[PDB]
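Protein chains in written order, with the authors' numbering: chain F, 2 to 234; chain A, 10 to 252; chain G, 4 to 247; chain M, -9 to -1, 1 to 102; chain B, 1 to 250; chain H, -9 to -1, 1 to 196; chain D, 3 to 243; chain C, 2 to 245; chain E, 9 to 250.
Ideal Cβ positions, reconstructed from N, Cα and C, are used throughout, including at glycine.
Each remark here refers to the structure printed beneath this line.
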Amino acid sequence: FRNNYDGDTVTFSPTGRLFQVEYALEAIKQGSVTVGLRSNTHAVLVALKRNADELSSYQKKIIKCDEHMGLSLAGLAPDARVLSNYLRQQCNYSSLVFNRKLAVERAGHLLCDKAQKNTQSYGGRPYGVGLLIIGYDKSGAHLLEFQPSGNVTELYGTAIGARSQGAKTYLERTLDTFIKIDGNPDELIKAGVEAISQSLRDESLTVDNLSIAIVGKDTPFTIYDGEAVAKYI
Amino acid sequence: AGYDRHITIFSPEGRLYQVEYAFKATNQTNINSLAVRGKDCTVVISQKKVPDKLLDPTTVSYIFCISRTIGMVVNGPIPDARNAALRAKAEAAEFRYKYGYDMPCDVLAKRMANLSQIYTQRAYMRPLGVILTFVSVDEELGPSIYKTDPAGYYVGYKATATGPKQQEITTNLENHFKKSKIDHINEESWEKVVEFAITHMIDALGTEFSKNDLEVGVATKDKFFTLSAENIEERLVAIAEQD
Amino acid sequence: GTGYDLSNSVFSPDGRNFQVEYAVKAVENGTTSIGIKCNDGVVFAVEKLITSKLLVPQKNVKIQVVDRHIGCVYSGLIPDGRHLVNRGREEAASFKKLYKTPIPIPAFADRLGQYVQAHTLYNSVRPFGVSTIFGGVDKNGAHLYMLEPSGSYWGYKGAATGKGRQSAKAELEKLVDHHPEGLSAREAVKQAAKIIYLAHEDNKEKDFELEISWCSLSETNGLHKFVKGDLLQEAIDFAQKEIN
Amino acid sequence: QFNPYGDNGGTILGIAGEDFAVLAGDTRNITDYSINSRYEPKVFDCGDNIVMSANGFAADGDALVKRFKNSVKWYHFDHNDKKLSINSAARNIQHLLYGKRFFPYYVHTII
Amino acid sequence: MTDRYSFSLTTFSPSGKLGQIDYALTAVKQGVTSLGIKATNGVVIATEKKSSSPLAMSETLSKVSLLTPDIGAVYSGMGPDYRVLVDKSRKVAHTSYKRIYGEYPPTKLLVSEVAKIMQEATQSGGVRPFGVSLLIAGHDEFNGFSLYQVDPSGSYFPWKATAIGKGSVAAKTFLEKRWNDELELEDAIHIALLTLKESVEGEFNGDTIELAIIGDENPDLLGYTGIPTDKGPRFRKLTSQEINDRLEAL
Amino acid sequence: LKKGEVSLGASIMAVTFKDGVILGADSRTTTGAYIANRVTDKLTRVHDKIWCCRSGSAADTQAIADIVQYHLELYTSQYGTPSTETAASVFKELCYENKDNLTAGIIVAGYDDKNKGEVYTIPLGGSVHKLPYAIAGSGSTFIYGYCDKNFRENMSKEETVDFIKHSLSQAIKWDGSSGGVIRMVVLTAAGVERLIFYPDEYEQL
Amino acid sequence: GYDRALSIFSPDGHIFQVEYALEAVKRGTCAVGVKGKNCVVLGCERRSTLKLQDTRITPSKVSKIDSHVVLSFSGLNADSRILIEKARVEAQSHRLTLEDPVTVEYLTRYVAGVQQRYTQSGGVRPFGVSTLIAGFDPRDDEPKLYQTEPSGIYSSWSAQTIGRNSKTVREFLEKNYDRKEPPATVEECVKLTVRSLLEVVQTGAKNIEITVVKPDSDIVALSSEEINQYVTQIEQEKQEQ
Amino acid sequence: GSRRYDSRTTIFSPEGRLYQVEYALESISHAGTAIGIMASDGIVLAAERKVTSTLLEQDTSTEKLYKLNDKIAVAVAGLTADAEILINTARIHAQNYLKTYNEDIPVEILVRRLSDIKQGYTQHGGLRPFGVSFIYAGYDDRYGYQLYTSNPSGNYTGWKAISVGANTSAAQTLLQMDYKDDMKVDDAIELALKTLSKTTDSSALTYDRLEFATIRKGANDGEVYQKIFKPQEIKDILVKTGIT
Amino acid sequence: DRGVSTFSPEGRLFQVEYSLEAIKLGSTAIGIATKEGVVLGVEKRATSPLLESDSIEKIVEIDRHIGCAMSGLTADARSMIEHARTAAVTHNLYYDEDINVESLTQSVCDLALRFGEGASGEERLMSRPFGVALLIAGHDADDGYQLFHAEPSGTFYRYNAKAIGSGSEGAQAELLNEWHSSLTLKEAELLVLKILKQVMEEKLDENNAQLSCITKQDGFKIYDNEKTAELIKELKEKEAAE
Ligand SMILES: [Mg+2]
Ligand SMILES: [Mg+2]
Ligand SMILES: [Mg+2]
Ligand SMILES: [Mg+2]
Ligand SMILES: [Mg+2]
């Protein structure tokens, strides 16, 4: 059955499935949770960072791609580095050549196409990381969810990673409320933390644990780590 | 070792199964065609079957105008058929640019057959599952029919048929030529050859045809063209008088 | 023996390319999308599934334009479709660059066809997991086409693909039988919306979003434009009307 | 024959104080005997408390400044938002300039 | 995409056998019979035209091909493979010899060049061997007349007479009895016709047989007069009628 | 223009009229003051009803026309009959993209049923200009005045043949690099007509 | 074009191709090297599967990489040639650019580096060779001896052996070589080496070849007879008891 | 993918042996025996022909003994065609060296280079090895008469007398028996022939089944003469020695 | 067979996980980070007594301010060290400053997943992942003393103390309990020595273990045998108390 149809991404199963891609989607599921949500003025990324032992640092989950866009990752970190680098370059080219800030919708489109190439050719392997992209462009605030299959979706809020489904429900409930947190960055963040705290189980989010990022109207993409997330627990 | 049936390498019996399986694919469309040569023309008839009522009938064809002079009828899946048509059109144009004269039907066939031979020898390339019947009225050879297949074989014919019911058509034509003793239909107008063709296809397949059930290509000196539904009907209406 | 379905370009004993056939299965598991050819244009419509309330309404556009006169919609693996459209765009540009005139629809179709077929020729590539409905207006009329994973394509009067393909084709056959004169783009837009709503029953467990676009010589100037605003709501209403 | 270079005039001046530094430059841009602009900024804030001017052939000047500002952007990316110090900015610019040693940027730059 | 088959498809099996070469030789065994006989003043190569239908025009398919004006080839095996080997042989005759030395190559060397093409199909990446064995007959100033056989492995050997294909064992036997070193070309054509008659199942005549010789220079086939050093091609395909005339003197 | 290569000199023009378009040209080629060929055909067919008048380098224009003829034959096989605008574009692409090594001033004229007759002039740089009529070649300088004074849109065949005939005779009169016979190619719905006028006729007009 | 990963990790963390390369070494003739106070001696056994050889020409088992460094090996003879040639080129390239010949550690690190590259590059298999590289650094007098293996791992040894039965003779050296009084003479260094080989070769004069390398490019291969004189004197410090 | 069809010709077996090389050596053991014997005044190369007949042209033949230089020749055991590929590269290397140094190429240099090519097919590239073993007989000013041998692995060694192909163990035993360091060529000829006669798998050793060559430095000259025996000469030398 | 960059049904790259297993068979290496320096110690583990132990290089200088220890298939690290050194020097050339330790680390980790057979994305030629882990320790002005553990998976973590190699599960457990924000360089050296002493098969002496440290003032220095013997002695005594 399987070892016949899951050895390469270039092989479709009898039911039309791409197993290597589906296995990639699984690495994401074993990654730490990260939430994204936005109002009409700001977009926030909140991420629970994970460690290896109690003697190590907590691996970063948020990456700035340009002053108006960034993302949180879940899954294989080396891959997020590879894809955020591409996004950094694509953002840079737009500015350099057209003196234009790359639109989030376009960033999403670009990410999808980069991921797809890795699912139709032999020898390759799908990317094994998921990303939540938030940004503030000419059409306002945006949150996008990217999955290694190449599917990128624009949302109001979301979460990915292990137990992501909890926060995904909180957001799905709190929608009417957070979509209106305009002009109040701290509140949006608090909604994001509330959301992320619904996918906890192991411990409580501490100062070495949480990572938040916000971007919006008069706020360049900025990463708050440790010291500065104290006021949100 | 057992993968000798997946790529083009010899089986212990010296057979190339992928080539053989390519020959079975040519029959997947359930369309038959035949070609006959006149005194100064060459006609190819091919069945036209449009199942889905949602299709635009004007786009369903397995007959291609390769060059101003060469026409080609394909028996095989449309995507492989079109892959071949495109290459043939490119080969024909390039030949004219490089050599200063129009590429002969027989030379185009040899070229397309040589390309096919390659897919037979190189493991990365799969054979195309199609049979190509090239027709024209050559400036040196006269009316011509050259047919190439997945094994890279090609030869010229007095007339020929291709498709699931190839044998019935072939035996019919064979009988006509043993009876008349010549290598061509002895009619002056391509219209009568077209009629001869349709008649023999009907006699052979035991089936009656309407105008939307046939597809016809004719090759005459300096041009190859396809008949319209209405031109075919005029052929049909002319045949319903001998029978 | 067996194993004829593990590598793309391999011919089975009965002449089939199994990998292409499994690709079709990925297309059948996809959303329904259609195309309706009219008296002077084409209308494309597609069903967009609302995985949740978190999706921003009207933003995840699925229908795509090629050049300025071709519309493309597909069912199956969305990314593969985007890949095919990116190639379509490169090919349309190449054509315009060398010949000045925008690419004729029959020419464009074959361009897509040869590329897709190319992906059934080697074991180092996987076939496209999408069926694409596309077309637009050119020098001599409107044209609608549907392209399968095998690279096979033909012209259509109406076309449907995806999970609800059968209801759609059913409804599509009704339109072609009752209106042989042709259909106005306005009616086709309405009818497309209908057909998608009806087709939507083949996936009645999730709420949906309708997307329509058209290219018409009289309503859009032979250019592709999405159906937005008044026009779109009128078609949605007409749809929720003829359902009961 | 096509001459890839031009001379847009201008004069710039940088003076280092004890706890400050100034970089000034006139604002006129010229071509032979004509004035192209009476106000075309030639001194720029590159971020990180570094000002720069690449005076001479303006196209080359615009290009170098564009490249350096970008170098600063990537320095932050590649080195956890670390501040690019003036001595580092300097060595970096030497590399940008010498990169085109055989088709020079016809500019005299000062940061 | 891309030919990622950069590995050999023919490899040694535990018994020291080169599988694909043995299988190609089997393909050659199921092919129509072809033979060649070398006389004192000529060589004859012959084969049967196994037309796969009566609607086909057998003349448009030449199994006996001219490689150079003094060298001809015939085969047994897969026809398309032979056709491409002929193109390549005619070309190499020019690229590796005429364009360098201003003269056509001697038989053995042209033979050696075809053989190399076949050997490489036996080791290069991603290809299967050629399923044909060829009999190449030719003449050249310093070596006189010669007949060579080239196998799918690329091995070639010179023969006085030989036969390849379907009934090659029986035919090689008929040839061993009839052959002697005092035969004039007409006698070899004769023995060739006899040997072939036994391998041929049905109708045996000038339209179902293909014979060619490498003999005296044929000035009437040169196409021009005036230059005395080039006296004409030694290769000549016998016409349908020339064969019949000889069949009646059986 | 390369040292010593054959030059077309020429007096060529293409004029659109009611029924379609007519191309005209002289027939002289030169290598210095020697007339290498006194009866050349500068009216070249790139498609059934799309022709061009060649001027500049003989080699360059032949090479280019040979390639356009090929591109149009392949276009035709795949997409049907090409427009004159498309033929002009293919010509332009080659002339523009290789401007450093070619000396070709080409006038493309063609007939279509939807568009009637069309004229496109592709001068030395590779730019394309669609005009009612166009003149080129070294002999053209001399008839700028005459042509601008006498051309009228929608003339008849008879009138157009006359206009082209008078213009080129003047061009041939003054330009040493122009001479021979006056060839014309008439392109209309009816077909393609080839005309030729000898010295004895045009010289005294 | 051929780039298939031939050396890859298997479930337990082993790279078979490299491990199998070692097995090829285990089948090659034994090579031993032991160092004195002012010399290094390399001993090798002669493949006795077939005999009727022309000793004059046959590729010697010990090879000069430069005037002052030699390499011996155990494994695939053909593979050794590739390593040896690369080493000799790098030796001349070092003289040309640094104006001083290679140290023995440098040459070793180079050969070992090549060996490793063949363990994680596409389309190639590892070298089925282990080497003993010995000599003296320029203008220095301390003897050097290193050993490299298919994995590309390398290190220095007071004495070491590789090849078939090396486990056995390694045991002989482990309890007969004392770093307090390393063979203080060419003569006693050679004796110890032969002794070790005698514990494996099985009474054979011509069966052992010894190469002695001293400081300042003085490298000599003892003759069949010079060695026999040793085996004899050795069968005495065994028969008198 | 394509990995599926790769036989992996350059891998080690669990015992550290090269599969393809071991299998190529097996093929070689079925080829006619080739023997080389080195004397004080010349070298002898004798070989038994495989796949013969009454009709084969022995006069115009050469399938086992080939001239690489006027001073170097090889005897081949294995696939003739693979051998010709290598032989030609050796012929070119010999001429490259002559051009570069204006001196004939020393025998071992030619031998080493050829072996290195064989070795390459052994460690990289993914192609099957050459199924050939060579016996090289040659002369040069540094070492005089030499005889070497190389096999699919690319290992080469030197000998006073050696054989390759079928029945090597038997032939080597006989050679090691009657061979004496001070042999004369006339004596070597006899031994080579005697040895083949006792190891042949066929009835009797007849001229038509042999190829014979000697490289002698005829004292009444100076240049080394390579003589490839002609059929009648092999018949003649076969009588004098006593095999009839 | 099955590809080299294939994912497992759990979402783990096969070759990387197996790589991690080869690392569990290597000598132990331990690094401890204090506020006066970072100590790196390694178990030499000679395969026989005739081996001259000083030629076992498992602790290497990357730059004056960065050093590293290795564990696993040590030959695999040679190309990694070459890269790290070139990256640091190159950074100095381009920027006239010392490369940050994180940056040096990240640069090394970028090599990690650059393996495969034509893996559509970029050009990564290396038939397999690395089979060695590294402990990179150093000092830079912005983040002071740092110790990093770089794995073949490309991920690297910063650690206050870390053990890798065969005795890692045990050793890491000891480190977890003995490390505190106020250790001294001398205390660190002692711990490394103690813990190495515990997990090693052989009895730890100055010839089968190696210590090193990196300080802001003196940079990366590999402790010569004499300095370590004294420290080992100082250990025998401190342990023999209670
Ligand atoms: Mg193939
Ligand atoms: Mg394939
Ligand atoms: Mg369908
Ligand atoms: Mg700095
Ligand atoms: Mg004049």
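Any C-beta of chain C within less than 9 Å: which residues of the region 8 to 29 of chain F qualify?
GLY8, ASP9, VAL11 and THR12
Please state whether DSSP places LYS156(A) in a helix, a strand or coil.
strand
In the DSSP assignment, the alpha helix (DSSP H) including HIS43(F) goes from what residue to what residue?
No alpha helix (DSSP H) contains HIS43(F), which is instead part of the beta strand (DSSP E) from 43 to 49.
By Cβ distance, which residues of its chain are closer than 7 Å to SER170(G), with the 5 residues on each side in sequence left out?
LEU201, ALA202, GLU204 and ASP205
Residue range of the unbroken beta strand (DSSP E) whose run includes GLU90(E)
No beta strand (DSSP E) holds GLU90(E); the alpha helix (DSSP H) holding it covers 85 to 103.
Output the boundary residues of the alpha helix (DSSP H) element that contains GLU64(H).
49 to 70
From which residue to which residue does the alpha helix (DSSP H) around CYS113(F) run?
105 to 121
Using C-beta distances below 8 Å, list every residue in its chain close to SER69(D), excluding the 5 sequence neighbours before and after it, in chain order.
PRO103, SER219 and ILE221
Contact test: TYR26(A) Cβ vs ligand 2 heavy atom, cutoff 6 Å:
no
Under the criterion of a Cβ to heavy atom distance below 6 Å, does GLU105(E) qualify as lining ligand 4?
yes
Is the beta carbon of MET134(A) within less than 6 Å of some heavy atom of ligand 1?
yes
From the beta carbon of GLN117(F), is the nearest beta carbon of chain G less than 7 Å away?
yes
Does ligand 2 have a heavy atom nearer than 6 Å to the CB of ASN4(F)?
no
Inter-residue Cα distance where the pair is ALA25(F) and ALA116(F):
11 Å
Go ahead and pull the three-state DSSP assignment for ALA231(F).
helix
Skipping 5 residues on each side, what residues in its chain have a beta carbon closer than 6 Å to that of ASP158(A)?
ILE140
Taking 6 Å as the cut-off, does the CB of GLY223(B) come closer than this to any heavy atom belonging to ligand 5?
no
Between which two residues does the beta strand (DSSP E) harbouring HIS99(M) extend?
98 to 101
Compare the C-beta of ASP81(D) against all C-beta atoms of chain E and say whether one is closer than 7 Å.
no
Going by the beta-carbon positions, is the gap between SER133(B) and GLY77(B) smaller than 7 Å?
yes
I'd like to confirm the pairing. Which residues does DSSP put opposite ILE74(E) in its beta bridges?
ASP71(E) and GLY146(E)
Tell me, please, whether the region 142 to 160 of chain H touches the region 118 to 127 of chain H by the rule of three or more beta-carbon pairs shorter than 8 Å.
yes
How far does the alpha helix (DSSP H) with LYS64(M) in it extend, from its first residue to its last?
49 to 69
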